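J.: Structure for the following, please:
(3 chains)
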Amino acid sequence: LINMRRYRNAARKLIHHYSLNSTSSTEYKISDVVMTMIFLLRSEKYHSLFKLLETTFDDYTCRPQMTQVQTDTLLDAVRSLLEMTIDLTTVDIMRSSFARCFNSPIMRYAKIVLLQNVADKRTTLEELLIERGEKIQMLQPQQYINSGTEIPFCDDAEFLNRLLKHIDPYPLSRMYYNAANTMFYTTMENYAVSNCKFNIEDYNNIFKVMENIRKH
Amino acid sequence: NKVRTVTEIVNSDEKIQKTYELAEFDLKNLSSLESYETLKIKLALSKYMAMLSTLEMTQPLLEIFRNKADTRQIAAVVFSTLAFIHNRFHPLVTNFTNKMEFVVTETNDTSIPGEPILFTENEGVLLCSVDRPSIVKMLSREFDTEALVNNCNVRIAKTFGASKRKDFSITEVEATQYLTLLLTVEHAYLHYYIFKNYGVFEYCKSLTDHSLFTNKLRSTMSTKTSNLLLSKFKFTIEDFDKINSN
Amino acid sequence: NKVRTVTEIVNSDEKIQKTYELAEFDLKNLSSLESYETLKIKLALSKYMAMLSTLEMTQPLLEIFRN
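T.: Numbering: from 1, shown residues only, chains lettered A, B, ... in the order given. Sure, the structure comes next:
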């Protein structure tokens, strides 16, 4: 027999990381992958996801074909597992990530990678800019405010103090880490879905700019 | 490094020499600066939360952004954040002058990766484009409320010197959500500032490469304006060099 | 390409230099010319359609040429 609960927990954590649904970062290992796959196999509920991932053992550079019922079942299973919302885009992201992991060879140093092979034609940032901007200009403003107005600043100093107390035990370091990684992962997902190369250089140039402004 | 002092009486030659290691004062200074910066940032975050409350929207932030129908509240929140950042850079400004338009995209072919909030004029007035799906995705991504983030000698010294102390729906998760929204709107505001003050071509070039931000902003930001929120920490991509080589 | 301007007071030597990138004005000019040409061509086409209507032929153009 197996500790299906522990298997499930490891599976959930690994799936979260490989679907970029959690900013949490931790070590992972072949033990964890095996936990995940065994849990999926044993669970009647998740047989479809098990089949999906098992198919990654092959060339894995392919788009699985599913009926609408199959896709709905898979999405329901994933959403029940992670308790969230989700998307077949996330399904494909997990498929690609797990395929890369399975095809990867045993190693001593965890392979740091970026998102790749999600959602055929490679598009540049410039082409995306042109097309998206044209479509946006086509779009019309859903709502607007008039000129001037006034920022509605709060006034209750006691209220501000209460909020300050409520937030004091929150570590700014952890909050900053979580926020930055959230933004980074969402940008990664957008790029991968768009099939446009992610400019790691410019993404880091953002922080370079932050530092260059700070130093002055 | 170190210093030393000598005491001596005018009429006598018996002098007493003492030596001081500046590391202690360095620790004092670093702790003071860290505490001051933490207090400033928490004050700003609380102020942002408080003004959003002043708007008096019943739902919480994430629910607001999930409710696709109520574009009114999305626009209100976005504009309020943008104006707050604008004032934080120009405290004397409490409005935004020119009226503002808003649109909430709903599709990938309508959204631009890496710039969920952007700006474009209709040749008469500026329109702000919002990627509500992306905002929802960011604010919904599960956050880590457990792991910690980070010279060992000064680390130990701070550990042993500094102390610790053992009805709002806000948890660290919601605080993180607010901070993420603020940072995103700050990025968008920097883009918009470069646009307004350097032309649409410069705005497009910045979108292509943010590096121009360095000069186009530090010319005015680092001197007259409160430092960027991100300035609180130095950020970096894990395994950046190998990733670049990839 | 680019240009720059210098402001200075007659009695003072404190001068302020600003730089301009002509690409913005180039975009303005190109958009203006494109719009003007589009308007001219559409005006001519509308005028042509209108005079053909003035001839007052019942059928549409393609039907006319098919008959």
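
J.: what's the distance between residue B:214 and chain A?
T.: 5 Å (Cβ to the nearest Cβ, to the nearest Å). (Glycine included, C-beta is placed from N, CA and C.)

J.: for whichever strand or helix holds that residue, packing partners?
T.: Per DSSP states H and E, residue B:214 falls inside helix B:213-218. Applying 3 or more Cβ pairs under 8 Å, 6 or more residues apart in numbering or on different chains; DSSP states H and E, one finds that helix B:213-218 contacts helix A:200-214, helix B:172-208.

J.: how about JSON lines for the ones you listed, with distance to chain C added?
T.: JSON lines is the format used below for the helices and strands packed on helix B:213-218 (distance: least, Cβ to the nearest Cβ, whole Å):
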{"stretch": "helix A:200-214", "distance to chain C": "19"}
{"stretch": "helix B:172-208", "distance to chain C": "4"}
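
J.: Most tightly packed of those helices?
T.: helix B:172-208 (a mean of 20; mean count of other Cβ atoms under 10 Å in any protein chain shown).

J.: from the chain's centre, how far out does it sit?
T.: Relative to its chain's centre, helix B:172-208 lies at 11 Å (Cα atoms, centre = their mean, to the nearest Å).

J.: anything in it near chain A?
T.: Yes. Using Cβ under 8 Å from any Cβ of the partner chain, helix B:172-208 reaches chain A at B:172, B:175-176, B:179-180, B:183-184, B:187, B:204, B:207-208.

J.: now do stretch B:117-133
T.: Yes. Applying Cβ under 8 Å from any Cβ, one finds stretch B:117-133 in contact with chain A at B:118, B:120, B:122, B:127, B:129.

J.: in the sheet, who's paired with the last one?
T.: Here residue B:129 sits in beta bridges with residue B:103, residue B:118, as judged by DSSP bridges.

J.: Go ahead and confirm it touches residue B:103.
T.: Yes. With contact defined as Cβ atoms under 8 Å, residue B:129 counts as touching residue B:103 (5.3 Å).

J.: Of those two, give the one with the bigger neighbour count.
T.: Applying other Cβ atoms under 10 Å in any protein chain shown to residue B:129 and residue B:103 shows that residue B:129 carries more neighbours, namely 25 against 20.

J.: Quick check: that one vs residue B:116, distance?
T.: Going from residue B:129 to residue B:116 by Cβ to Cβ, to the nearest Å gives 9 Å.

J.: what do you get for residue A:137?
T.: Counting by Cβ to Cβ, the gap from residue A:137 to residue B:116 is 18 Å.

J.: Specify which residue of those two has the higher count of neighbours.
T.: The neighbour comparison of residue A:137 against residue B:116 (other Cβ under 10 Å) goes to residue B:116, with 25 against 14.

J.: State the distance from the more buried one to chain A.
T.: 8 Å.

J.: In contact with that residue, which residues?
T.: A:186, B:130-131, B:134-135, B:138, B:184, B:188 (Cβ atoms under 8 Å, 6 or more residues apart in numbering or on different chains).

J.: One more: residue B:89?
T.: Contacts of residue B:89 by Cβ under 8 Å, 6+ apart are B:189, B:193, B:221, B:225-226.

J.: Mind telling me what element residue A:144 is part of?
T.: Per DSSP H and E: strand A:143-145 holds residue A:144.

J.: After that strand, which helix or strand is next?
T.: helix A:157-167.

J.: Residues contacting that following helix, please?
T.: If you take Cβ under 8 Å, 6+ apart as the criterion, helix A:157-167 is touched by A:154, B:42-43, B:45-47, B:49-50, B:53, B:168, B:170, B:175.

J.: Now tabulate these in JSON lines and tack on secondary structure.
T.: Converted to JSON lines, the contacts of helix A:157-167 look like this (DSSP: H, G, I helix; E, B strand; the rest coil):
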{"residue": "A:154", "secondary structure": "coil"}
{"residue": "B:42", "secondary structure": "helix"}
{"residue": "B:43", "secondary structure": "helix"}
{"residue": "B:45", "secondary structure": "helix"}
{"residue": "B:46", "secondary structure": "helix"}
{"residue": "B:47", "secondary structure": "helix"}
{"residue": "B:49", "secondary structure": "helix"}
{"residue": "B:50", "secondary structure": "helix"}
{"residue": "B:53", "secondary structure": "helix"}
{"residue": "B:168", "secondary structure": "coil"}
{"residue": "B:170", "secondary structure": "coil"}
{"residue": "B:175", "secondary structure": "helix"}
